[PDB]
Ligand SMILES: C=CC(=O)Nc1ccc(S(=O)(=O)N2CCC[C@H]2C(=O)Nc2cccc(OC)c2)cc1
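The data below hold one chain only, encoded as structure tokens and taken in the form solved without the ligand.
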């Protein structure tokens, strides 16, 4: 399989890298917040990574499929409270990777910048669920820490008539790898905040203990 990038696509990717470098250089000055926290969404093409992040940052949802050109990221400013009987201002950088195999090496090159991973499959696509095992072993091999923080999302929960992944099977996978699991919908917002706030909690607690 040969893949290609047009000039326009190379241009778009370089712009993402340019925005990223500008963001990191501005943290080197005022590191208007307390932490820059970075995580990365991954999983098969079409499962809803881009929609999930857009629902989270803007509360909006597009029906039209615009497959991601390699890599992108979004930003959000949130307040984090140490979960338990406890406010830190968090600048979130949300990396959005393409799922298509043609972008595997480019997207894996950004794992080094990720403190945690939002891993998606599509509740209506059984193969995307069967590939979760491969995504996890790719994360074991390519993450830059031992035992990376991962939150698993079974997305498109609003499409009940098309659901093919049984809750029991997804639960069994989450227990086997010891990772949290949420069933989400980027269309209506269900559990989006909850899944991403849990990932942020995992990251913040791991830093405090280090």
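Numbering follows the first chain given and starts at 1.
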For the neighbouring pair residue 58 and residue 59, the stretch of deposited sequence with no coordinates amounts to none
Count, per the entry, the deposited residues between residue 86 and residue 87 that are not modelled, and return the matching class: none, 1 to 3, 4 to 9, or 10 or more.
4 to 9
Between 76-84 and 124-132, point out the one with the higher average CA B-factor as the PDB entry records it.
76-84
Select between 22-30 and 171-179 the stretch whose C-alpha atoms have the higher average B-factor in the entry.
22-30
What third of its chain, lowest, middle or highest, does the C-alpha temperature factor of residue 105 fall into?
middle
Where the record places residue 35 (Cα B-factor, split into thirds across the chain):
highest
Quick tally, chain-level thirds of C-alpha B-factors: residue 97 sits in the lowest
Can you tell me which third, lowest, middle or highest, the CA B-factor of residue 14 falls into for its chain?
highest
State the tercile, meaning the lowest, middle or highest third, of residue 119 with respect to the CA B-factors recorded for its chain.
lowest
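Not pictured, yet referred to below: the form deposited with the ligand bound.
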In the entry with it bound, does residue 150 have a heavy atom within 4.5 Å of the ligand?
yes
Against the ligand in the entry with it bound, would residue 170 count as a contact residue? Criterion: heavy atoms within 4.5 Å.
no
With the partner left out here, which residues of 165-187 have a non-hydrogen atom within 4.5 Å of the ligand in the entry with it bound?
178, 179, 180
